[PDB]
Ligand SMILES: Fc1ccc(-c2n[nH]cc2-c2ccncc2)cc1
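Single chain ahead, by itself, as structure tokens, in the form deposited without the named molecule.
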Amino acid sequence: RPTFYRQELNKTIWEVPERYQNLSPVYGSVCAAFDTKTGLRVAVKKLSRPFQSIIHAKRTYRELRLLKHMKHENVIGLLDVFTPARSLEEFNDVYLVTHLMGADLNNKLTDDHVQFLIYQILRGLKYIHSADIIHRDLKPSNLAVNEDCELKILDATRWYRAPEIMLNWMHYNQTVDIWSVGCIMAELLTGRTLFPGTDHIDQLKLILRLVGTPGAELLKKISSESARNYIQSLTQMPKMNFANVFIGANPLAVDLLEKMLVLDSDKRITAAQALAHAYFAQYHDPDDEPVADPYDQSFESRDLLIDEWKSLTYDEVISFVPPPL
């Protein structure tokens, strides 16, 4: 339907429609560009070798499904998806289009700013979690921020992982993301990484030091004996007073962190509960914190061939409906 034009860039090729102009660089690579149909600055990502293997093909499929489903102000939204190919037979390259944002949280703020940024992260997690989706990798690099201070969640790394991910607990839940948020918030109030471990052992040592080693009430819920010994085989440590670690920060912020950085995931506060915490007194509006439509994750359990994952992805591309301007 539209007209495409080839181009070299990032030591890579791009055949995009002609409505996207002025490509400029910025897993797969992202480019800045100008979208003529709406006159917004957009970001265009080209997946690298989307169907090189079964795991890749499934991930490409998973990423398109997730992006096609996200419709919320604090979560990355798909503006367009396209491929140059004319036929499923010819289909080997995938590009995704989103609102360009500029900086990351990666790039010391005031308590008012922190509130607004964490608030928006929780509003987006509430949404994402209502669909049974766990992000798993929230970090400053994955939080895009515009000049207006508006934020969207997008898709070391160990520094923000919940301890039940570090130990490969097979049955972790949604509140792994709340832990990440907890480390992020801390990093914004102190300008310092909360847990800058050097490896999966150092990392945990640092966590336990702040949160204290587990109580017998938590130890009784750990199914792995390796895990258990490894843990029980460590020098007991107590919970520190968060009011003395986060010295002079808002005592409401501190309260919120105590509730996010709990070791036991079963007692960690949720996104929806945190949004009603006092720390967000001035942003919190339960009439404007929506939840998502249900998300069919049934494919996560299937074992298909590359040619099958590739064709389901093609279908998803073809059946894309842009949002309204």
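Counting begins at 1, following the sequence as shown.
We do not show the form deposited with the named molecule bound, though everything after this point is about it.
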The named molecule: the contacting residue among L252, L218, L88, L210 in the deposited bound form [heavy atom, 4.5 Å]: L218
Contact assignment for the named molecule in the deposited bound form, among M237, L117, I222, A131, heavy atom within 4.5 Å: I222
Listed range touching the named molecule, judged in the deposited bound form by heavy atoms within 4.5 Å, from 238 to 246, 189 to 197, 210 to 218, 109 to 117: 210 to 218
4.5 angstroms heavy atom contact with the named molecule in the deposited bound form for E258: no
Proximity of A272 to the named molecule in the deposited bound form, heavy atoms at 4.5 Å: no
Residue contact check: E289 to the named molecule in the deposited bound form, 4.5 Å heavy atom: no
Non-hydrogen atom contact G182 with the named molecule in the deposited bound form at 4.5 angstroms: no
Residues in 245 to 273 with any heavy atom within 4.5 Å of the named molecule in the deposited bound form: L263, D264, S265
